[PDB]
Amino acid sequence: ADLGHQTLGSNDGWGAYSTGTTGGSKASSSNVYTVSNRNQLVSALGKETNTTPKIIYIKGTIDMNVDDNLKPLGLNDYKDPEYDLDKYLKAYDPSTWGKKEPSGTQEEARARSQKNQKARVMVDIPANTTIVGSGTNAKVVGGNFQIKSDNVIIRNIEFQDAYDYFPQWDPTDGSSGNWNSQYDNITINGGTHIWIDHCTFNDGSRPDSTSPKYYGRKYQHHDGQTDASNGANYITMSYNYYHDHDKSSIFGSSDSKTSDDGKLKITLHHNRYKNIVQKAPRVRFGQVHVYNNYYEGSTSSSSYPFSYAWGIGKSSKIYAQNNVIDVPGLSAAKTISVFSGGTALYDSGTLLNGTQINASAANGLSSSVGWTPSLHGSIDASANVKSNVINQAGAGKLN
């Protein structure tokens, strides 16, 4: 079968469980579309009721920040009449406003401005859908694909810069406050049976060191790359290339969402992470199989300095095998970050700068996660991961 008709292998990760992930492979010829702009894309997807098997080919670059006549939309097109960044900055300055959540005129105007952008950039993908990039240059710029449905395949697309024009100031986030934005490249919100393969994720032509700092904190226009929340389950992410971005992948959005326990069954394999700061992934609750991935970065980078790879969150059950990390000077314990409620991690074959390490033992965690992965393809030796991943991961390697 061709790229549009290929399905997830019967043993290829948690996405292969139960009914498996076949996307729109059973589509008739009338439900095979070739799209090259936002209008064609939204028309082919249809609404939530469009559950008929469908195959969508993305040809060329699709900019999501455009109006219905395909005219590019910027800051001034989305801005609410009352919103003014200079007035926003003056109103919520920590020295005069304090550490309380922004409220009043400028925050209400900013929120309305954000909703104007949300309407163009966020699109929902209906059940039984395959979205694949045509050739080696298929790109989605500015969009946020949201998957709340079952049985979806997304492959061979470069997703760039899911950019929020109106970041919100949150003085209570962390120790010194932080600027927060709303859009990811892909948001899995309760979606099941999903395969994300051979895609590339980056911040395009607007990386984070092109943003100024306000209140001593970077004015952050980005959020996640591939995030999963609210009971998302049975997902395989393979051969993806994540690079030049801060917060990559958050699986499980909150410590109080106890209904995520038993869900968030995700398999990550053969992915490349280059110049990724943190959360790759950060996990709460889920049984996540992480194998044959390659992480490379530098703690002294001037754009995206490495902080940590795996985030061991509340009740997480990460099972990691033969992963390779190349970050000069990093100690074994600092490859991961442990959060309250995180007490277990299984890791075998971890290579840090050419030497075998045990991340779990270095952090005093238990190795008993209560499960062993049953669905997986062949496992590469740690010695061959770097070459395999650099040569095969990312969009444009297939077509």
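A residue's number is simply how far along the shown sequence it sits, counting from 1.
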Higher avg CA temperature factor (390 to 398 vs 3 to 11, as deposited) belongs to 390 to 398
Looking at the deposited entry, does 124 to 132 or 95 to 103 carry the larger mean Cα B-factor? 95 to 103
Could you tell me which one of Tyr295, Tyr165, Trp169, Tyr242 shows the highest CA temperature factor in the PDB record? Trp169
In terms of CA temperature factor as recorded, identify the highest of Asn353, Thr350, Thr335, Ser43. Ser43
Modelled-residue ranking by C-alpha temperature factor, third containing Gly311: lowest
Against its chain's modelled residues, does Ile194's Cα B factor rank lowest, middle or highest third? lowest
By the record's CA B-factor, is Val32 among the lowest, middle or highest third of residues in the chain? highest
Hey, what third does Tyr234 fall into on Cα B-factor, ranked over its chain? lowest
Chain third (lowest, middle, highest) by recorded CA B-factor, residue given as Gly74: highest
